[PDB]
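Chains: A, B, C and D, in written order; residue numbering restarts at 1 for each.
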Amino acid sequence: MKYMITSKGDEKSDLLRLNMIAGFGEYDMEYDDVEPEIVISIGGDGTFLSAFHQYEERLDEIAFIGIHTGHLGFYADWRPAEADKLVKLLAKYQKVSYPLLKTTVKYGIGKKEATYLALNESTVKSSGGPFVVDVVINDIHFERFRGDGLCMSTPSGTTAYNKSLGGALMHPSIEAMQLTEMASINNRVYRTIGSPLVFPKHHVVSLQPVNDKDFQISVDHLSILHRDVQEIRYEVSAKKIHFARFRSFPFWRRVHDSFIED
Amino acid sequence: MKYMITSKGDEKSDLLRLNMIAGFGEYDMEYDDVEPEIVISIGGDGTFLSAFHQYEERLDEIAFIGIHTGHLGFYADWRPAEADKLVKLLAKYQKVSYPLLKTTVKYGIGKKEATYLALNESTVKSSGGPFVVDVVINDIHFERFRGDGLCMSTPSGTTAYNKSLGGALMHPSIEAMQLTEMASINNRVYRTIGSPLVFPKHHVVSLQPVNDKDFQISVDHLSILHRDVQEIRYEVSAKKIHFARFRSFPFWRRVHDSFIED
Amino acid sequence: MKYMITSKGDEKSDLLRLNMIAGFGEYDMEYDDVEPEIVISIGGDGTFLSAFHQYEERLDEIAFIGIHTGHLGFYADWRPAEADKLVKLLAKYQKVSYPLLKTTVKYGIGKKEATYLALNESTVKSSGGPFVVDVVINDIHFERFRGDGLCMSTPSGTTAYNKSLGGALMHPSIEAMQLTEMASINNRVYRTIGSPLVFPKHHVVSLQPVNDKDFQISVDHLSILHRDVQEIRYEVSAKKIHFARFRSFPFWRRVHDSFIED
Amino acid sequence: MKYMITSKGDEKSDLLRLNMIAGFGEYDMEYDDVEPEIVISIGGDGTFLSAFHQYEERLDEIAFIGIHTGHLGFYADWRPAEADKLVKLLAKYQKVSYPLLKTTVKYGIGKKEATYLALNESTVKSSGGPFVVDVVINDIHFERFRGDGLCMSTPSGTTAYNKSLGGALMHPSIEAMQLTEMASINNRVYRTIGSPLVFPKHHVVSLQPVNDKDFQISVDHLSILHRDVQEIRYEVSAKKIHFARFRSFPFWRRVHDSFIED
């Protein structure tokens, strides 16, 4: 099959990449970083995130694998010592799919609606001023949020920034998204739900500005300043990310290993 | 159809019940509190909870309706003023189904395994002593919990005790259950996940005692002392509760009305 | 000086106690467990807690020391290896004082007001039914609390149950007490402050029942069922606990060692 | 006495200011906005904050008063209807003092150490990149913090941004400061205390960069980008803010009115 390998860029990951390429040379495998079918990431979850967004227009044609040259990652969950055994089995596997989050940003006249895909989460903050947005759920006005910002998370993203904000961890088999608050203002006049909210497929969460229309929007690692925003729309994506599965590594064990002990 | 009406017992709910019965007398409706097909609760969510557990062996044969004579309930979500219009449409509807939580309690020799169905949540605390349990997820040892106790919640139960413990609110269309912690002990030697955990259908969460085998187990309102416990097992029930739907009252609007404003 | 040693009761702590007694025999030290001036605890914070309440009517005449035969305790903060060097310096020190919490329980006719001293915290829960109390601060009605219960903590108790409820850690030099909530119910009709509250010396926090007058009150380890309660009053005690200081072991380092790493 | 009045700038506050000035003209009072002894703020807590920082080099010579033309403020806690009765009593009072927070920012060669005074809080975030700092308490290395940032709060600031981050509310008579975390990263390799920390007078909390030396530092409303930072130091200020007291308005009642009900 066609394949490519991305590297964190340090010495450990570059040599590992060069050794796997050499191992792949002993099989019917063609290196192609334009239309690969197997994408291998060597580094951390950040390296895997970059590999995902690098190829996010061929997600239905690609199965990802992550190798962690540092600590255990949630996406890079195979040790460097398994690389050789990984080359062999990649050459001759099952696939598991995780849900993704779609963000739609609409603007006033002059700019076209832009859409982004997130594997971890999409957050909105203000640009300088105070963050105030009306939160609309399936066209129902739910609340007026005042605070630092909001975070909408994928299931596999619940162990990342979502977790730091008090969000719940969701098994990635659940097709959903989770909205969490960042330092809500709650008094007698300002009211938010406080609790995290978990939304099923086909529920649209819409943030609508009340005064300032400039927001700092971050999709996974990338953070962009958007100007003259009319609406931010969240929903579970119809696209899914595909992982090549070469052994049983249960999500709850991955959670245990990363947070309890290993 | 066969029907019955349960009342909170106060004057307001008894008269409302008597008026609806009289209204039902003007239609082909037979009062039967043994094998009803329509079960109407008049009071609060507590009254509705009692009506649910009263008939939990015929859940596939019953459609529930709740009338709130006090504030808006999450299950009793129709005002007393709609009773007459409710009698008419009940006489001539759609059904919506919410998931339920199954709790299995196993003991040592002398007592048989007992199973309970919860509409809101099932909690475990200690009986006097300290609460320490090993949390096992699909036979994987996840953590050793020390604290006040644990709460496993249904989706519709997430707005109840789950919410008070920092849990997330889940739309009831998501077939899942949510485990929350009660005052976890976390230091350098004792470690819990801290975050709430959301489990899909067919994941089994198992609590296993480490020293004391006596626990206070509460299913919805009812709290029982169980002795010589060997295991407590949580999973999404295969049974579902059925609601008669006579108008659109979205869950997220029900959340807004109960917590933000009405 | 007069002295006594209490032991956890296991083999390790009993031998350690017997060796220190033998070491004390080589100095002008008289064992007296009725009117000691130096009270040594060997075990954990639980053993130290028992030693405190055992002698809480002579707190101004006693300097405490704790030896931890298990992990580092916040009160038993000297390793067993320092016992011999501890015997020598005890024989020939400075004193540091931590604030205490006073709880007053008032009843109806038939029972006299009872007062308790806490080194860690004093908590109130319901007895079976729901917990609802009016919280009164210096005779000002502050809130009506509904939930599992409330916890009032000393400064040195902030690392114990207070910490598990989201409370803040306070340096023990601050003469104060901290009230934390246990699973507050907050909706459109029920409102609590949510945040922990820190009170200075001479502020009186008063819990007043609204329906049930039976509460389970726990002072440190001891939990008592009180019946026909008219008021529960919290305030910083005028009494202080005295520790014999034989080296610099800063509180913030004790916190670091117990929760970050050692 | 010498006095001045600052206004929110809207129509309601400007007329109120003009009426009080006219009322002051009927007494021996000289308007002076250079060396006033009584500083009156008309607007919200933001207007009062600006009045504080406008005159923060004569805090020992000034007694502040706040009038809230909108909702009740924690510093602007007198209604516009009391303005006339306020002019009379200002003309003929007691003073109460709240503690302040001092922030010291040190840089590399080229820039001198800068110090700031906060009435509410001082926060540190990163500038673009990830926020990682070593937290040092009285020269003791306490933790390495990774997250969004940290917030150090005054006692009267505990009801503001501190409260939104889970901090405790402290009565302003307690001379202390409170450090809270902003979205801490906690796994098996990264550890923070999680709990808020309350520090007494003379404890120095020092943030030390580990990689990036550029931080966005906010003192009350003002947020500055500081470059090439070597250290950020927090401590309770020796200066105090003085309020003119014309009636009993207890802090806990002010908390009740702003968050529970009024």
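What to note about this one:
As a working rule, contacts are C-beta pairs under 8 Å (C-beta built on N, C-alpha and C of every residue); 3 or more make two chains touch, one makes a residue touch a chain.
By chain, UniProt protein names: A, B, C, D = NAD kinase 1.
Of the two interfaces, A-B and B-C, the higher number of touching C-beta pairs belongs to A-B. Which listed pair repeats C-D comes down to matching contact pairs by residue number; over half match for A-B among A-B, B-C or A-D. As a whole-number value, the distance joining the C-alpha centres of chain A (NAD kinase 1) and chain C (NAD kinase 1) reads 46 Å.
Distance between chain B (NAD kinase 1) and chain C (NAD kinase 1), defined via averaged C-alpha coordinates, is recorded as 38 Å.
The mean-CA centres of chain A (NAD kinase 1) and chain B (NAD kinase 1) are about 33 angstrom from one another, to the nearest whole unit. Touching of two or more other chains is recorded for residues 186, 259-261 of chain B (NAD kinase 1).
On chain C (NAD kinase 1), the positions that touch chain B (NAD kinase 1) within their shared complex are 71, 147-148, 161, 164-165, 182-189, 257-262.
Looking at the complex, you find that chain D (NAD kinase 1) touches chain C (NAD kinase 1) at residues 137-138, 140-143, 158, 163, 166-171, 173-174, 176, 178, 191-193, 195-200, 203, 250, 252-253, 255-256, 259-261.
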